[PDB]
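This report concerns only the one structure given below.
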Amino acid sequence: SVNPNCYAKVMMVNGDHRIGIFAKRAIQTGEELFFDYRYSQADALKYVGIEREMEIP
Amino acid sequence: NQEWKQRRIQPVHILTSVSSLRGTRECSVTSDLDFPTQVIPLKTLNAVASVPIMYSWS
Amino acid sequence: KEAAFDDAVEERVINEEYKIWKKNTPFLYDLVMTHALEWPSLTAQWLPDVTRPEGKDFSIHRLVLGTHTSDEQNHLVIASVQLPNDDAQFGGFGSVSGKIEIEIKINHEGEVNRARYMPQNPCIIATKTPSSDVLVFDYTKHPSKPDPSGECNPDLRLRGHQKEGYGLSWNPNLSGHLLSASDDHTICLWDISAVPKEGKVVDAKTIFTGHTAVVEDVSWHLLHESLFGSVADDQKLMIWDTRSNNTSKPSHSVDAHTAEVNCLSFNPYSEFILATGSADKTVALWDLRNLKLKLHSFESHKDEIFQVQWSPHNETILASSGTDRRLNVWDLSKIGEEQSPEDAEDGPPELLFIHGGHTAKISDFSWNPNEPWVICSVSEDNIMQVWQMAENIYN
Amino acid sequence: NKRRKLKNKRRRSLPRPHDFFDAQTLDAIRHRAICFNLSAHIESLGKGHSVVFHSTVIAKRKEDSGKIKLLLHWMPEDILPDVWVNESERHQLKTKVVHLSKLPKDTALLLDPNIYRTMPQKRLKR
Amino acid sequence: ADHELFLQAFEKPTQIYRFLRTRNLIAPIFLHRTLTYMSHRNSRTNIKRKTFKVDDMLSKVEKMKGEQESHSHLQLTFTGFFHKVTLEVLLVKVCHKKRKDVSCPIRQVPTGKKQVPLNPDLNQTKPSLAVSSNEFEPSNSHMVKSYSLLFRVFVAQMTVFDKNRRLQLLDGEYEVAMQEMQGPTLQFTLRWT
Amino acid sequence: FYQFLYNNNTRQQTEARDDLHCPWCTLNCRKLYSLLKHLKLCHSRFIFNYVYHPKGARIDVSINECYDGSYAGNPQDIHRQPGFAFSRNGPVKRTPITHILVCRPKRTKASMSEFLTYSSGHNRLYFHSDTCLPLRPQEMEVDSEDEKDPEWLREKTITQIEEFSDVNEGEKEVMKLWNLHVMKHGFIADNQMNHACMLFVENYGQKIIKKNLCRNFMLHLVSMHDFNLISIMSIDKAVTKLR
Amino acid sequence: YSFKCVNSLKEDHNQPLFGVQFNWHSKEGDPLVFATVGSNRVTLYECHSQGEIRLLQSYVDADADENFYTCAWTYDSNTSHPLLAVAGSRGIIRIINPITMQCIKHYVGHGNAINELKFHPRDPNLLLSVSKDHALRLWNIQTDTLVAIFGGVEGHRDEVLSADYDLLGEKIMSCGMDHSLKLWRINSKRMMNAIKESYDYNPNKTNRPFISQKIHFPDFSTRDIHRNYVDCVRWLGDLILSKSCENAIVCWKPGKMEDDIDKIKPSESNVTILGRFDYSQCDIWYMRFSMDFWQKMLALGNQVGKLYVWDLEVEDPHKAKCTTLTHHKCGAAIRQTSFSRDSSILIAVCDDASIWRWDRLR
C-alpha cells in the first residue's frame, strides 16, 4: 500500500542484517497487513497499481 | 488381478431425461464412421469457489 | 431428493432476503447494531438497571444470556453494550475502540431453557436446564471469569420438576416466588425468601396438576400476587388463583386456538388485558372478565410463534416473533381503523411494524426499560440484533 | 468520524468476490416457473402481479324459489374453496382475476413451496 | 450486436427478480407502508390514548349480531342417476396440522349406500331416505377443520362447512357431477328431520 | 423511457406502461423521487441512472458489475461439503463479529439533486498457512504453525552432515545432536551455552552412553573452552552427569 | 502389432480433448466402458462389437471456465459403485459417481492447474494429485483428509506433470519439466502410520486438526536422462520408462544393473540407461501414452496422428523392431492414448475432438 498501516525497516543484529517489520499506527483485531515496497512509481503501477482507497471529500 | 476378480463392480447405467431440467443443453456426438451420430443431454456440474494461485513453500 | 434440492435453492433465496433487508435497513430503521456470538444462547434478557454516562451518547447497557453447544462446555454469560443515546453525534457514531464486549461467564449445564431475574433482586436469576433442577445463580457472588475446573455452582437451585420443560415467571409482588412448567404436566412453585441453608437444592413449594398435557407456560399476574395462569400444548390456557383448594382444578379455563399455544403475557398497565400467541400463525387476546369471547386476533404471522411480551411505557403496543423469521408489531388503538387500499395491500390497520432482518430463525426478542423503541433479538445464527424504528411511524 | 460520508467509501476497483448463485438452479427455477405460468399465467395474463381463474361448475343447486345456484370451481386446483353463485353470475365470473395480496394464507404454499420453506422441516429441536 | 445475446446476459437477474416479486408480494421482508418516501400510506397519526376496554363491549355486540345456530340432523332423498349399478356415499373429517406431523391428518368413515339403478332417467321406480344424525359437532369443529363428503359408484367430493362458521348447504336440491378413477351425475335434495 | 446498455455495442429501449410504476416490483411510486429510491434499493443487482427525456424522464440501466451478491452468514458454511453445508441442525463455533451501519439516519428532504459500514472483529475465514487448507474457528490459537525450528530443516541439515567425508561417523554424530538441540532452543548469547551444555548433558547423557560418544563429546567440550565459550567447572559437572 | 482402426468418433464440441481412461476396475462380463474429458465436458463410452460405440452419460462444467486436464476412474468399497475424479486448469478435483448422478466430494487447496490424476493400485481411497504448484498432495477421499505431501522445499523447482505408482503401490516415481527424476517410497514406515490414522481421523473427535506430513527427500534424483522436456514416465516393473520432446524413448533403472530400487539411497546419482525406442515428428510436449493391463503391449500416438506401437516380449531396444501404424484420416494431433483391459481394444483420441478406435486381429 502507498499509505500502509505497517512499514519495513532493515535492522542489524548479531552480525547478520535482517529486515524487521513494524506497524506505523495502532492496529486492532483482524486488520489486514500492508507495507510499502518502495518501488518506482512506474514499477508501482507495473506491479502494485491497486491501492483500494479514494479521497473522502 | 485376483482381487479385481473378487471386487464386484456395478455396471454402467444410461442417462435418463430430466423434467425439471428440460432446458439443459444437448450435444450430438458425431460418428466419423458409418455409425449414426448419437446425441445426449448435458448436465451442469458442481459450482465451487477458487483459491488464488500460489506455489508450494515451507 | 427434491426436498433437499429445494432446500438448497432456499439458501440462495434466504441469502437474497438478507441482502434486500440490509440495503433497505438504513432508510427504514433508525438504529443498526449487530453482534455475532461464538455459541448460541436460547434466551436473553436486559438487566433492569441501566446507566447513561454523562456527556457520552453511548449508554451503558448489558444483557444476560446463556450458552448452547454441540459437546463443549456451556457458560452463563452476561455481556454489555454501548448504544448511542444521542443521534446528533456522528467509528461511525463513537470511538473506534468498539461499543460491545463480554464480561461474565459461569459454567452451565446443558442449555438454558429459560432464564429470568428476580424483580426484587435482579442479582439472583433462575436458569431452566435439560436437567430437572432449575439452576440459580447470583453473578455478584460468583466470579466473572469462567472457572476452567468445570465445576458449576448453581447455588440454591430448585427441585420439584421430575423432567425438564419451558416456562419461567417471577412473582412481581411476592419476593422469591416463581412459577415453572415442565413436561411432567405439572407446575412447581418455590419460595426463595424462606429458603434456609437447607442443602443448596430447594424442593418445590407447591405442585399443580391442572393441564392434561405438557405444560409449557405459566405466569403470575403483573399486578396481583394471588392471580396466575398457565398454558400447555392442550391448546387451552388455564387460569389459577392461590389458596384455591385443590391444585388440579382451575379458577377459570378456555381454549386458546386451533393449534398449540405456548406463550403468555399480561398487560403491565391494563389490569384486564391478556394477549396470547399460538402455533397456528395466530396471536389473540382476551379479558379477565370475558373469557368466552375473544377480543381480537392477529394473523400476519407465517408460521409458529412462541414469544410474546408487552412494550414498556407503551400500553398500546404488542410484538411477537416466531419460527417464520418474522417479527410483527401491532397497534391496539388501530384495530379496525379505516385505511387506504395501499395500506390494506400491505397489512391490517392494527399491524404496526414488521421486521425480518435475519438469516437464521429467531427464538427470542427483548427490549429494555428507558428504551421503549429498541429491541434486542436472538437469532439461530448467533447474531444479536439491536434496532430502533423510525419515529415517523408513531409521529 | 464526524465527517464520515455514505457507505460507498471502499475503493474504485476490486477483484470479483465470487457469486453465491448457481446456474443449474436457475434453469430448474425457470422450468418450475414455466409450468407455473402455464397454469397461473402470472407473466402473461396477470402482468406479473395477478392470476386468472377459469370457472367450472361442479354441481347445480335449485331452491324452492327460482334461486338457481352453481358451485364454482377453477382450473388451477390450488384455488380458494368452492363457492355457490347464481346462474346470473355465470358467464360473468368465467375468468376471475385476483391480486397476490388477496390470496388466502394456505394458497401461498400450494402455488409454490419455495415461496416459504419451513427450514426445520421436522421436530429436530426447538 | 444481436439483442438475443444482449438479453441472454440479463434474464438471470431478471428472472430472479421476477421470482423475488412473487415471493415478496406474498411473504414480504419489510412493510411498504413504513417507507418514508411513500408516507401517504399510514399517514394517520398514532393515537395511543385510545382506550382498549371498549373492545369487550364492541366485540360483545359482534357476537350478539353474529349469534349462530344450525338446523337439526341432516336428511336427504335419492333421485335418478344420469349417464350415457349401485352408488355409495362416504363422510370424511379434516383436521388441522399439529406440531409433530408433516401434514394435516384426514380420516374417513362410511356413511351409507343406496341401490341406484343403471342410469335411471324417468318413471323408474315407486322415495328412499338416508338418515344422518348429529355427527357434526361445533365443539369438534373448533379442534378440527370442516367436514366433507365422498361419493363412490367413479369419484366425487363435497364439503359441508366453512371457516366463516356458516353452513354452506341447505334444504335445496342438489345435482353433483361424477368423475371416474356433463358426465355421470347424481341428483338429490336435502332436509332436516 | 427505460434504456438497456451493453457497452453501447447492442442497445434496447422500452416505454413506460403508465408513469411512476416499478417495472419489476409493480409498485406505484406516485413520485419521481420515490421511483428512483425504489429502484436503487430494491434492485441493487442492477444500476440505475437518470438521462432525461424531451418529456423530462428517461432511465438507463445496466448490470452491477461489482454487485455484492454473496453469502453473508458464516463464511465456513460455503466450503463445507454438500449435505454438511447449511446444516442448521446444531451449534457452530465462529469468531465474534460486530458491525454498525446506522449512526443516525440522514432523513434529508426529497430532491432530484440528491443524486448524480462501521465493521469490527473478524469478517472473513482464514486458511491454514502451512497447507492452504481451511482453518476452522475452533483453533484460532494453536494455529501458530511455527516453532523455534521447523521440521524439514532438521532433516535437511543432517543430510548435509553426512555429506562431509573427512569426519568419522563417531565424530560425525556428535555434530548432529549438538546442532539439533541448539536449534531446538535458539540460544543467542554467551550466558546460554554455559547453561545449555548442563541442560544438554542431562537431557541426553544416557543416550551418550548408548552411542559410545562420551569421549568424543569430551573433545567437543575441549574445543568449547578453546573458544572461550565455557568455564572450568562446567567441564567438571559434565562428567558428574556423564557418570 | 496386429491392429486396425475399427471405429471412429468425434465430439461435436470441436474442443481440444484431454485424458481418456478405461474402467480397469471392472468384472468379467461388465460393460467395456471408457471415459473422456474435454475442456469442460466429461463423458464416457462403451466399446461394442462390429466397432459400435454407444454414447453414455456426459456432463458439462457450466460454471468453471477452465480446461479439464486429467481424469481417472475411482472405486468405492462401501457401495461397490465405480467413480471417477477429474481436474483441470483451476486445479479443483471433481469426483463423480455415475450411479448417484452427481459429484459430492469436492477437493480444493491446490494452487495452479492440476496436471496428474492417478490412484493407488491397492487403496481406492488414496489419490495423489500433481499440479503446477509443484505439489504432490494426496487426498484420502473416503475420509476427506489431506495426506502427506511430497516434494515441497527440496522437491521440484519446476512444475511436475508425470507420476506413477508401481504395480504394488510400493514407490511413486515422478518428474516434470525440471528434468529431475525423483521417486518417493510409499513403504516408508512413517507414512503408513499417518495413513493408518488418516483412515480413522475425525475433526469432531478432537479439536486438534489433522497433521499431514511434508516430505522433501526422494529415494533418488537425476537430470542426465533428458536435455529436453520430459513429458511421460511410467513404472516398468523394476525399470523406469521415459518420454520427452526429443522424439526418443528411454527406459532406465537407477544406478548400475545390480542396484536394486528398494536398496538404493537418496544420495545415489548413477543411472543405467537402457531404452532406445526413438521416434519422430512428435516434438511437442503434453503428450501422454498408455499401457495394457498386463504390462505387455505398448502403443504411442503422434502429433501427426501416427501410431507408434511396441511390445514387451523378448523384443528389446537392442534392435527396436517397431510397428508404426498410421491412419490417413487420423493425422491432426493425437492428444491422449489409452489401452483397454485387454490387448484387443484400444482407444485413440485426436486433439480435434475426434476419437479413433483400433482393434486387434487376434
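Key figures
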| quantity | calculated |
| --- | --- |
| Neighbourhood charge, 11 Å Cβ-Cβ cut-off, centred on G:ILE104 and excluding it, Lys, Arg +1 and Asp, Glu -1 | +1 |
| 13 Å beta-carbon shell around G:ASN125, net charge (K/R +1, D/E -1) | -1 |
| Entries in E:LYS65/E:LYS114; D:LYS60/E:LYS100; B:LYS43/E:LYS97; C:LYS105/C:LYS236; C:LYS236/C:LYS334 that, when Cα-Cα distance is taken, lie over 32 Å | E:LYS65/E:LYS114; D:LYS60/E:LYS100; B:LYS43/E:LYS97; C:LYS105/C:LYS236 |
| Chain G - charge dipole about Cα centre, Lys and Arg +1 at Cβ, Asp and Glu -1, debye rounded to 20 | 260 |
| Estimated dipole of region F:1-56 in Debye, rounded to 20 [Cβ of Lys and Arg +1, of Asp and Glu -1, Cα centre] | 160 |
| Per-residue mean of C-beta atoms belonging to partner chains within 10 Å, peptide C:346-358 | 4 |
| Compactness index (Cα Rg / 2.2 N^0.38 Å), region E:11-102 | 2.14 |
| Residue among G:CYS330, G:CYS350, G:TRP235 farthest towards the positive dipole end of chain G, charges placed on Cβ | G:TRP235 |
| Cα pair distances exceeding 18 angstrom across region E:120-172, given as percent | 51 |
| Candidates G:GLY51, G:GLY301, G:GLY91, ranked by Gaussian network fluctuation over chain G, Cα under 10 Å, top entry | G:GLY51 |
| Pairs from G:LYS256/G:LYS319; F:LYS172/G:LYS118; C:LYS163/E:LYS145 whose Cα-Cα separation, in the structure shown, is over 30 Å | F:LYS172/G:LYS118; C:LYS163/E:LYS145 |
| Cut-off 11 Å between beta-carbons: net charge of the residues surrounding F:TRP24, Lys and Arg +1, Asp and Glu -1 | +3 |
| Kirkwood hydrodynamic radius of region G:259-307, Cα pairs, Å | 14.2 |
| Euclidean distance between Cα centres, region E:141-193 to region C:235-281, Å | 38 |
| Reach of C:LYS1 by Cα under 19 Å, taken over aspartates and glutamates that are not fewer than 8 positions away in the same chain | C:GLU10, C:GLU11, D:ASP22, D:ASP27, D:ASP112 |
| Chain F - Rg over Rh from alpha carbon coordinates, Kirkwood radius | 1.37 |
| In sequence order, calculated HN-Hα J values of region F:19-25 (Karplus, 6.51, -1.76, 1.60; Hz; x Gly/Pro) | 7, 6, 9, 5, x, 8, 7 |
| GNM top mover of G:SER174, G:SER267, G:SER343 - chain G, alpha-carbon springs below 10 Å | G:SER267 |
| Selection from C:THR186, F:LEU153, A:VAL2 lying farthest towards where the dipole of the protein assembly as shown points positive, charges on Cβ | C:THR186 |
| On Cα atoms only, tilt of D:23-40 relative to the major axis of chain D in degrees | 20 |
| Cα shape, chain E, gyration tensor, a/c 1.5 rule | oblate |
| For region C:7-395, alpha-carbon Rg over 2.2 N^0.38 Å | 0.99 |
| Kirkwood hydrodynamic radius (C-alpha pairs) into Stokes-Einstein, region F:10-141, 37 °C and 0.692 mPa s, D in µm²/s | 169 |
| From phi via Karplus (6.51, -1.76, 1.60), per-residue ³J(HN,Hα) for region G:226-242 in Hz, x at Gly/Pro | 10, 8, 10, 5, 5, 10, 8, 9, 9, 6, 9, x, 8, 9, 10, 8, 8 |
| Region F:118-240: proportion of alpha-carbon pairs further apart than 17 angstrom, % | 68 |
| Residues of type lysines that A:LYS9 reaches as a straight line, Cα spacing below 29 Å, ignoring anything fewer than 8 places off in the same chain | A:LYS24, A:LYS46, F:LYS148, F:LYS184 |
| Long-range Cα-Cα pairs in chain G (distance over 33 Å), rounded percent | 26 |
| Ascending count of other beta-carbon atoms within 10 Å, so fewest first, for D:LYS102, F:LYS109 | F:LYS109, D:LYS102 |
| Partners for F:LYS40 among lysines (Cα-Cα distance below 23 Å; same-chain residues under 8 apart left out) | C:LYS19, C:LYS22, C:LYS23, D:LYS5, D:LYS7, D:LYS9, D:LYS47, E:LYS12, F:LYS31, F:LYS55, F:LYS106, F:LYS109 |
| Links that overshoot a 27 Å alpha carbon limit, given the list G:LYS132/G:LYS196; C:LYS99/C:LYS302; E:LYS93/E:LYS113 | G:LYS132/G:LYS196; C:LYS99/C:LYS302 |
| Under the Karplus curve 6.51 cos²θ - 1.76 cosθ + 1.60, θ = phi - 60°, whole-Hz ³J(HN,Hα) for region C:350-355, x wherever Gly or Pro sits | 5, 5, 9, 8, 10, 9 |
| Spatial extent of the protein assembly as shown: Rg and Dmax, with the Cα atoms as the point set, Å | 39.5, 137 |
| Three semi-axes of the equivalent ellipsoid, region G:239-362, Cα gyration tensor, whole Å, largest first | 29, 16, 13 |
| Residue (of G:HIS179, G:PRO124, G:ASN204) at the positive-pole extreme of region G:69-219, dipole from beta-carbon charges | G:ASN204 |
| Net dipole in debye of chain C [+1 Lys, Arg Cβ; -1 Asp, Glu Cβ; about Cα centre; nearest 20] | 1140 |
| In region F:134-235, the chymotrypsin sites (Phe, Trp or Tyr not before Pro) that fall in loop regions by DSSP, at most 16 other Cβ within 10 Å | F:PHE164, F:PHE187, F:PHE227 |
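Cβ: placed from backbone, ideal geometry, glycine included. Neighbour counts: every protein chain shown. Bear in mind these aren't lab numbers, they're just calculated from the coordinates by the rules spelled out.
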